[PDB]
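Take a look at this one chain, the form deposited in one PDB entry, written out in C-alpha cells.
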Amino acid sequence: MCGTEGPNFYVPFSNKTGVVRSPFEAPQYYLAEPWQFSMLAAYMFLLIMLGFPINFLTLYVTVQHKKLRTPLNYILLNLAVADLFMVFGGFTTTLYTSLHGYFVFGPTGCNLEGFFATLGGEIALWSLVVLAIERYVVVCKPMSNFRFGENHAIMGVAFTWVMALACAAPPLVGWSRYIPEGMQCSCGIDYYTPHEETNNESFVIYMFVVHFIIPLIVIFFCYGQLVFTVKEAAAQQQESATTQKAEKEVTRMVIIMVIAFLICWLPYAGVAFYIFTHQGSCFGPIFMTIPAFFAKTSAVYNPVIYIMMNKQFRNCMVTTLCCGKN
C-alpha cells in the first residue's frame, strides 16, 4: 500500500496512520518537512528570477534590433514564449502553493497549471526539434530547389503548438489526467497511477513514443547529418583557416545542444528504466519527480545556450542593457 487514493489525486504516502489529507484541502507536511517546502519555494524563486529576465529580454531585444527578425530566429522567439508559460503558469503558481504546503487552487487550478506548464514545456521541446530540422534543411540542402522563407518558419512555430496541444489537451478531455505530483504543490500528467478509467497506460506509451523518443531521434539525425555535412565541406577547403574554425565551433555547439538535450531527457529515461525493471517498490514523492525537478531548469539554460550564445543576440542585449552604448 504505497500511498492514498482519492478522487482527482494520489498522495504518495500510506494512510495507515490516518494523517493523510487531500492535496487540495490541507498541507502535505507528512510528505516533507515544512523547510523542504520552503526550499521548493526557494528553487521556484530562483527559476523565476533567472527565467523571466532572460526570456523576456529575448523578446524585448528582438523588438529593438532589425537584424534579429530573421525567419530562422522565429522559432527561438517561440522558445522564449514557451519558457514564459513555464515561468508564470508553473513556477509562479508552485511558489505560491509551496508556501501553503498544498495545492490551494483545487482541482480546477490543477488542470490550469497542469495544462499551461505542460504546454509551455512541450512547446519548448518541439521548438528545439523544429530548430534542429530547420538548421538541417538549410545546411544539408536535402531538397533540390528550396529556400527557407518567412512562410516556412511560421509553419514550424504552428507545428509546435499543434504538437504541444496534442500532449497537453488530451488529459482535459479524458485521456490520462492532471493530478498534484511529487509534494502535491504542482500538477502534471499522471503517470503515477494506472487509472483504467482514463487509459493512463496508453497515454504513457503515446507520450514515451511520440514526445520522448521521436524528438530525440530527430535531433540526433538532423544535427548528425549537419556536423557530417559541415565537416565534409570543410575538408575540401583545408586551406581556409576560418572554415576550419567555423567547422570547429559548429561541431562544438551541436555537441553542447545535444548534451543539453540529453541532460533534460535522460533523467526521465533512467527513472522509467526504474519502472520497467525494479517495478514493485513504492516511489517517494521525490523519486518519480526527480526528472521534473531538474527539467524545470531548462527554462534558464536553454535560452543561455540557444540565444545568449548566439553572436547577434548577445551584442544586441549588451546594447539594450547599456542604453545604446557598447
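Just count from 1 along the sequence shown to find any residue number.
The discussion below concerns the form solved in complex with a partner chain, not included here.
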item: Candidate stretches 117-125, 78-86, 131-139, 184-192, one within 4.5 Å of the partner chain in the deposited bound form by heavy atom; value: 131-139
item: Output flag, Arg21, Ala26 and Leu31 jointly within 4.5 Å of the partner chain in the deposited bound form, heavy atom basis; value: no
item: Contact flag, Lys16 vs the partner chain in the deposited bound form, heavy atom cut 4.5 Å; value: no
item: The partner chain contact in the deposited bound form: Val157, any heavy atom under 4.5 Å; value: no
item: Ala153, heavy atom within 4.5 angstroms of the partner chain in the deposited bound form; value: no
